[PDB]
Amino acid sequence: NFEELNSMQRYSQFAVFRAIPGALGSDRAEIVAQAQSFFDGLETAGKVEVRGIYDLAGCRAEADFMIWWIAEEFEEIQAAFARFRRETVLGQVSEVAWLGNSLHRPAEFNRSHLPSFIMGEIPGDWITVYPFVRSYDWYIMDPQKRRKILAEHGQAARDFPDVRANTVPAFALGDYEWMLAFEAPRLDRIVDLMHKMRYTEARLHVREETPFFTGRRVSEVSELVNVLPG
């Protein structure tokens, strides 16, 4: 129920990796098998929830893929992250490019606004993830003005019920105030959402929102491993 989801403690991490040319090679059948064994086991221990593994090929220089994983305790993401890097070839041959950490919290004025992953909704086939930093004046602004700006913001999104939002505090978990993730069945709906949301007063209260990471949720880690540069 809706207090329970608001009260829930869940850290969420987007871990973006870059491939190291030369490191992976071209014989990957066992690398694939080992990495799926690693995640299947994660799934079985029941502490870290891998919401998706995303192929970011062609999104940006210096990034190749992303793991989205979630846990009640940050220490459990730290452990999974450390093990991935140490106990799988995939993690050994990849560089950490960027880490987006966040912690679920009740929204300020609308307690029915909850991240897709907290709602337990099926993850979308396509995602864009990016951090966010608000104006300096945003939180100390008169609350009723912020409230109406956020209301208008939400109404501007109503044309996109198929795009699921995740707006999550990120204070002191890195350099940002929020971790944003939008999930959708087609990437053009994510592009068009971002374009439409420019038409809102809330854009007057924005300081940072890059880097973006956009890509395709793989059905299984084979699809990712097999595309990476060797």
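Residues carry their position along the shown sequence, with the first being 1.
Which of the two stretches, 134-142 or 85-93, shows the higher mean Cα temperature factor in the record?
85-93 has the higher mean C-alpha B-factor.
Which wins on mean Cα temperature factor, 41-49 or 164-172?
Taking the mean C-alpha B-factor of 41-49 and of 164-172, the larger value falls to 41-49.
Quiz for you: based on the deposited Cα B-factor, which of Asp192, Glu177, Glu201, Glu183 is highest?
Result of the comparison over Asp192, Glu177, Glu201, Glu183: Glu183.
Candidate residues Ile67, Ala33, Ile70, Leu187, the one whose C-alpha B factor the record puts highest
Of the options given, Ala33 has the highest CA B-factor in the PDB entry.
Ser12 CA temperature factor, ranked by third within the chain
Bottom third by C-alpha B-factor.
Would you please rank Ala157 by its C-alpha temperature factor against the other modelled residues of its chain and give the third it falls in: lowest, middle or highest?
As the PDB entry reports it, the C-alpha B-factor of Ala157 lands in the highest third of its chain.
Taking only the Cα B-factors deposited for this chain, tell me whether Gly215 sits in the lowest, middle or highest third.
Its C-alpha B-factor, which the entry lists for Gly215, ranks in the lowest third among residues of this chain.
Splitting the chain's C-alpha B-factors into thirds, which one does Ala107 fall into?
Highest third.
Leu224 by Cα B-factor - lowest, middle or highest third of the modelled chain:
According to the entry, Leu224 has a C-alpha B-factor in the chain's lowest third.
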